[PDB]
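Beneath this line is the structure, given in structure tokens, with notes to follow.
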Amino acid sequence: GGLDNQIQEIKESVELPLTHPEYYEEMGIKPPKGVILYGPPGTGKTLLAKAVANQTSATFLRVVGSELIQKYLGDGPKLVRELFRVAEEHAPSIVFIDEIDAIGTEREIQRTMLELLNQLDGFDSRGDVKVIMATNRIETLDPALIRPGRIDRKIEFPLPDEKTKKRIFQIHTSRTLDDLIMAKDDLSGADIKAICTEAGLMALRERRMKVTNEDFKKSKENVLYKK
Amino acid sequence: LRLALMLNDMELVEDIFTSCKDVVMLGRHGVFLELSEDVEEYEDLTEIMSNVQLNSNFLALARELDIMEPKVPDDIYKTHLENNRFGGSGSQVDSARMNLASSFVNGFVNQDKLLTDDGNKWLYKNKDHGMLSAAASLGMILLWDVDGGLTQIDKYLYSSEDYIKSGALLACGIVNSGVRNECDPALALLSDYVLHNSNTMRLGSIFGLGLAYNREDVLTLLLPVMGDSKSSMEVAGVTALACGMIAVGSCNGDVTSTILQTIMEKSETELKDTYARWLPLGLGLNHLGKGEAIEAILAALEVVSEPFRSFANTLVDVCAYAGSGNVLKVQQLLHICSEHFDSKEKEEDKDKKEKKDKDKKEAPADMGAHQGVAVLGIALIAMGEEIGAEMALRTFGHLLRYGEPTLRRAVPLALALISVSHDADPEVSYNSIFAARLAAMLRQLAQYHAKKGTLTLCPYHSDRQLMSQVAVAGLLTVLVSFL
Amino acid sequence: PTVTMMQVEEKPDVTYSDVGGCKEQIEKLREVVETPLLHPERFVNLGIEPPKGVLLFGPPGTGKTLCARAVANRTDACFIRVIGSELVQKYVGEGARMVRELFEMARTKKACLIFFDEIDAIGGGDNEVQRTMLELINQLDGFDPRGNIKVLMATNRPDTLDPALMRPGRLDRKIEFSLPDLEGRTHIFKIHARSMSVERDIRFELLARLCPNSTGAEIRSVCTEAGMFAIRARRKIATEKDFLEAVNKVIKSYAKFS
């Protein structure tokens, strides 16, 4: 809600390959770099909702975090080369990487991430697949990732904490604002879609959609106490 | 009106015409009123209403003028198609077969008519089968403007070439279905009985007249046609398909001397088994419309012979099970599914797309997990032409990659029929697989046309026998199942 | 690993006719890479021995462009490169086997040229690095393989004190890499005409005389960052009026701190 310009700009951004073939093969752009995203809220659903436009008509691939690397001996970039060869044999796909927080949870991360940086640039392969990287804090990445990695476009997602919460909260009350624009510290599409989906199914349960402030603070207390 | 689609009665359409006429949109319910009605109730409807109708207005509607008078101007106005498909797909054609795929490009219409009138010699450079297909393409692009269709197809009438005028009569049969004014010039000369232009004019004229159509005079004129028994397969092909499409939706079928005559003359000479394959087409089409007919048991009594007429008998069993609560045919289906004969599995198991066509949740089965190529064909044909969910394309993922040209050629047709950004991506996959002649012509066919009604369920069982010579390809391009 | 078979430097690039303003240095480091192979008899007949190589350091600037010139202007067979990032890896001690296998392939290639990249990644206990560099100088001082062999040391920081004191034996010509000029960039653009589809409406002179302090890396960010900034919106035509903000922003916003 409200982030329509950024989602249509990232829509046109991620909708160049596999679509509009009359100019993609005649002009000759073919960028083998992809985009790199991030967000202070994160939670995977905002960035997954920004890069989710590729999932309409395509084959999706998801690799979240380097946890599968740190849970084993120093194998290093061999699994990255396995994803590179299976991505070469599976060119019509999208390489989506999310939650790059290896330091937010040391010298080896810099060298396997430097090898991932060099191999990610496509020094030995032309335009074959799109690579999308996503993290939470942009300050956690090393400065070596600036020139090779971020070459196409980066997004500046602002955290208002008093505008988007008022918009979405106004959408919920459309069917006492400082308590929820001040108490909450993170939002995404899965919250409005979650409590609105189960709110519609519950409205199918009791056949009325009346929402009282005490029942809404109880349903909020369920999610607050759940975490 | 759906109760009239299932009942097929004239009192329902009369009561709904006086009750729907007493309270007066109009052209729309005329469109799906003529689409919803079958061959019987629009002729009985047109005979009682052509008797009175009390205002002649539903007579004006229930013809081939008001189902198309809103479509053509709206299809030209509200839609805007680019020319890069006629120019490109009409430019990368060669080898005298990709040019046939371009004859399909010209044939399939549904705005622009540039590739239609792109100079001359396009029909002269092509072969005889391409002369029939390209001769009927101008009829397939002009299913309107009788006054214009006459002055456009008249140039190819009685020309110096036989296939030009025969395909021109076929064009005259395709352009219209309620004019019936071109019958006599072709119907008069049919009596030759050995070898004459009027045999191919019998192909295009009896086939086109079958598309235009318990009619008795055309069948008495078809009596010397069925009695001729020419070596040309398409004579009895378009004859059996013609009378069969005329006899669809009959009241509990019939056991008359028409199908009895074609069965006796079918068993007269057991040569050229293709006749024994396309005669059950008209037979089963005559069986269509029954509710309690014992004609399957009658054919099980008289027709039972060597596996040729046993294949005809199991085709009568195919058309005899349009659908009901008959799980005995499901356990019987699983029982007879393991027969040694490698064709009654293909057709009797091919009936899956017609029996359970409504409940598509049970249609996905373990047919793909078998090892016979014919069974994979049974699943590929079993896909159909529905909305094309993700499970269907999931089956096209494994069924698409195959080595036999019959299945590699058969997969893009159902791939582009079940889905009318998934249009060009599977075609790019075909470009990655291929880059023979048949797969190229069919993949270009899908390149152009990629973007219980008897009219849409009839004209593909003849497409089920495409694994033959190019003689069938002259009739395969004039199918009416295209909307 | 893959760097062994990928170590070959195929796909030639920037040639000599599009050099970045190098006038004297291009000869000072060209007369040792191109001319000795063209005329071997003059060096062996005229005097002591042919020269070995030069030294390149200082700011990055237009770095790797002259090595691209050596790869492009190669007469018969492109030479082999060596980077420093392949030495510092897990399971230390593989540097001896790596230098022995690249020496073995070098002798298999009739003692061709070797390019060393990023010596500061391993330079600056480093006993295995002393084994690699002392096996390099030791195995290369011998006249057995060849005398026309050429090395090229490229670095950004002069903190490699040990190579700086071991280099006067074999290496020489301790000079800066290359200074950038103002008129030579139009040739870097002329060879960037083989890059992605730049619209013909752009004039190279208008894009050339409107950007001061435009070192090889910064103009590499003009064409690279200009093209990719034209891919931000995934457009098809790349007119200079579209990315003029990318030009004056890539020279000014980057010229703020430097």
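Scheme for the structure tokens: letters A, B, ... for chains in order shown; per-chain residue numbers from 1; ligand numbers from 1 in order shown.
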>> Applying 10 Å and only C-alpha atoms, which residues near region 292-307 of chain B remain after dropping the ones on its own chain fewer than 2 positions away? List them as a PyMOL selection string.
In response: chain B and resi 251-255+263-264+267+284+287+289-290+309-321+341+343-344
Go ahead and save the residues from that selection, with N, CA and C atoms, as a short mmCIF file (atom, residue, chain, number, x, y, z; two decimals), in the first residue's frame.
```cif
data_model
loop_
_atom_site.label_atom_id
_atom_site.label_comp_id
_atom_site.auth_asym_id
_atom_site.auth_seq_id
_atom_site.Cartn_x
_atom_site.Cartn_y
_atom_site.Cartn_z
N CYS B 251 -32.26 -38.41 -32.24
CA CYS B 251 -33.07 -38.92 -31.14
C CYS B 251 -32.78 -40.40 -30.95
N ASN B 252 -31.92 -40.71 -29.98
CA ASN B 252 -31.52 -42.09 -29.66
C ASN B 252 -30.91 -42.79 -30.87
N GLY B 253 -30.26 -42.03 -31.75
CA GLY B 253 -29.61 -42.60 -32.91
C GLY B 253 -30.61 -43.22 -33.88
N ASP B 254 -30.07 -44.09 -34.74
CA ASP B 254 -30.87 -44.79 -35.74
C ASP B 254 -30.06 -45.98 -36.24
N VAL B 255 -30.78 -46.99 -36.74
CA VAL B 255 -30.16 -48.20 -37.27
C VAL B 255 -30.57 -48.32 -38.74
N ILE B 263 -22.05 -49.96 -43.47
CA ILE B 263 -21.46 -51.10 -42.78
C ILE B 263 -21.39 -52.31 -43.70
N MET B 264 -22.44 -52.55 -44.49
CA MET B 264 -22.39 -53.64 -45.45
C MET B 264 -21.34 -53.39 -46.53
N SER B 267 -17.87 -53.83 -44.88
CA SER B 267 -17.46 -55.23 -44.86
C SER B 267 -17.40 -55.85 -46.25
N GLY B 284 -20.06 -43.28 -35.32
CA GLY B 284 -20.18 -42.76 -33.97
C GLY B 284 -20.81 -41.38 -33.91
N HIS B 287 -24.25 -42.02 -33.90
CA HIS B 287 -24.64 -42.50 -32.58
C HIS B 287 -24.75 -41.37 -31.57
N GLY B 289 -25.95 -38.24 -29.46
CA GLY B 289 -27.26 -37.72 -29.10
C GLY B 289 -28.19 -38.73 -28.46
N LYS B 290 -27.75 -39.97 -28.28
CA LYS B 290 -28.60 -41.00 -27.70
C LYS B 290 -28.61 -40.90 -26.18
N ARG B 309 -13.19 -54.47 -37.75
CA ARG B 309 -14.52 -54.11 -37.29
C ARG B 309 -14.69 -54.27 -35.79
N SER B 310 -13.72 -54.90 -35.11
CA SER B 310 -13.69 -54.83 -33.65
C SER B 310 -13.13 -53.50 -33.18
N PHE B 311 -12.23 -52.90 -33.96
CA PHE B 311 -11.83 -51.52 -33.72
C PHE B 311 -12.96 -50.56 -34.04
N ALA B 312 -13.74 -50.85 -35.08
CA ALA B 312 -14.96 -50.08 -35.32
C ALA B 312 -15.94 -50.25 -34.17
N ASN B 313 -16.04 -51.47 -33.63
CA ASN B 313 -16.96 -51.73 -32.53
C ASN B 313 -16.54 -50.98 -31.27
N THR B 314 -15.24 -50.97 -30.97
CA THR B 314 -14.77 -50.22 -29.81
C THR B 314 -14.81 -48.72 -30.05
N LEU B 315 -14.84 -48.28 -31.31
CA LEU B 315 -15.12 -46.87 -31.58
C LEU B 315 -16.58 -46.55 -31.31
N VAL B 316 -17.49 -47.47 -31.66
CA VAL B 316 -18.89 -47.31 -31.28
C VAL B 316 -19.03 -47.32 -29.76
N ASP B 317 -18.15 -48.05 -29.07
CA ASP B 317 -18.12 -48.00 -27.61
C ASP B 317 -17.55 -46.67 -27.12
N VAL B 318 -16.67 -46.05 -27.90
CA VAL B 318 -16.14 -44.74 -27.54
C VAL B 318 -17.23 -43.69 -27.62
N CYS B 319 -17.93 -43.62 -28.75
CA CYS B 319 -19.01 -42.65 -28.91
C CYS B 319 -20.26 -43.04 -28.13
N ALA B 320 -20.33 -44.27 -27.62
CA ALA B 320 -21.49 -44.74 -26.87
C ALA B 320 -21.42 -44.41 -25.38
N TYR B 321 -20.32 -43.83 -24.91
CA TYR B 321 -20.09 -43.54 -23.50
C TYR B 321 -19.76 -42.06 -23.30
N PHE B 341 -4.00 -55.38 -28.63
CA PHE B 341 -4.18 -54.52 -29.80
C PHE B 341 -3.73 -53.10 -29.46
N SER B 343 -4.19 -50.20 -30.88
CA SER B 343 -4.96 -49.06 -31.37
C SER B 343 -6.23 -48.82 -30.56
N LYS B 344 -6.91 -49.89 -30.14
CA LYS B 344 -8.07 -49.73 -29.27
C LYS B 344 -7.68 -49.21 -27.90
#
```
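Using only C-alpha atoms, we find that the part of chain A lying within 8 Å of chain C comprises residues 9, 12, 13, 16, 23, 24, 27, 28, 29, 31, 74, 124, 151, 152 and 153 of chain A.
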> Which polymer residues have any atom within 12 Å of an atom of residue 129 (chain B), counting only C-alpha atoms, with same-chain residues fewer than 4 positions away left out, as number ranges by chain?
Replying inline: B: 96-97, 99-100, 103, 123-125, 133-136, 162-164, 166-167, 200, 469-477
>> Set the cut-off to 9 Å and count only C-alpha atoms: what are the residues of chain B that reach chain A? Output as a PyMOL selection string.
In response: chain B and resi 421-422+424-425
>> For residue 37 (chain A), find every residue with an atom within 7 Å (counting only C-alpha atoms), except residues of its own chain fewer than 3 positions away, and show them as a list in words.
In response: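 The residues that qualify are residues 133, 134, 135, 154 and 155 of chain A.
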> Near residue 427 (chain B), within 9 Å and counting only C-alpha atoms, which residues show up once chain neighbours fewer than 4 positions away are dropped, as a PyMOL selection string?
Replying inline: chain B and resi 412+422-423+431-432+443+446-447
Take the residues from that selection and put them in a file with N, CA, C and O atoms, as an mmCIF file, in the first residue's frame.
```
data_model
loop_
_atom_site.group_PDB
_atom_site.id
_atom_site.type_symbol
_atom_site.label_atom_id
_atom_site.label_comp_id
_atom_site.auth_asym_id
_atom_site.auth_seq_id
_atom_site.Cartn_x
_atom_site.Cartn_y
_atom_site.Cartn_z
ATOM 1 N N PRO B 412 2.933 -29.813 -29.473
ATOM 2 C CA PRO B 412 2.663 -28.367 -29.552
ATOM 3 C C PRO B 412 1.217 -28.048 -29.871
ATOM 4 O O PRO B 412 0.757 -26.944 -29.548
ATOM 5 N N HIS B 422 3.323 -17.486 -20.900
ATOM 6 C CA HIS B 422 3.443 -18.910 -21.189
ATOM 7 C C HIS B 422 3.090 -19.240 -22.633
ATOM 8 O O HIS B 422 2.933 -20.420 -22.968
ATOM 9 N N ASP B 423 2.951 -18.231 -23.495
ATOM 10 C CA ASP B 423 2.620 -18.480 -24.893
ATOM 11 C C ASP B 423 3.872 -18.733 -25.726
ATOM 12 O O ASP B 423 3.932 -19.700 -26.491
ATOM 13 N N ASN B 431 12.277 -24.344 -29.730
ATOM 14 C CA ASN B 431 13.432 -23.874 -30.485
ATOM 15 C C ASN B 431 14.731 -24.414 -29.903
ATOM 16 O O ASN B 431 15.703 -24.618 -30.639
ATOM 17 N N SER B 432 14.768 -24.653 -28.590
ATOM 18 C CA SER B 432 15.940 -25.249 -27.965
ATOM 19 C C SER B 432 16.015 -26.755 -28.177
ATOM 20 O O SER B 432 17.115 -27.319 -28.132
ATOM 21 N N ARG B 443 5.477 -26.473 -35.332
ATOM 22 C CA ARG B 443 5.925 -25.470 -34.374
ATOM 23 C C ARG B 443 5.700 -24.057 -34.896
ATOM 24 O O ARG B 443 5.481 -23.140 -34.099
ATOM 25 N N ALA B 446 1.988 -23.564 -34.294
ATOM 26 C CA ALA B 446 1.802 -23.087 -32.929
ATOM 27 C C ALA B 446 2.326 -21.667 -32.753
ATOM 28 O O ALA B 446 1.807 -20.917 -31.918
ATOM 29 N N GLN B 447 3.344 -21.281 -33.527
ATOM 30 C CA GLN B 447 3.846 -19.911 -33.461
ATOM 31 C C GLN B 447 2.783 -18.914 -33.895
ATOM 32 O O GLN B 447 2.693 -17.811 -33.341
#
```
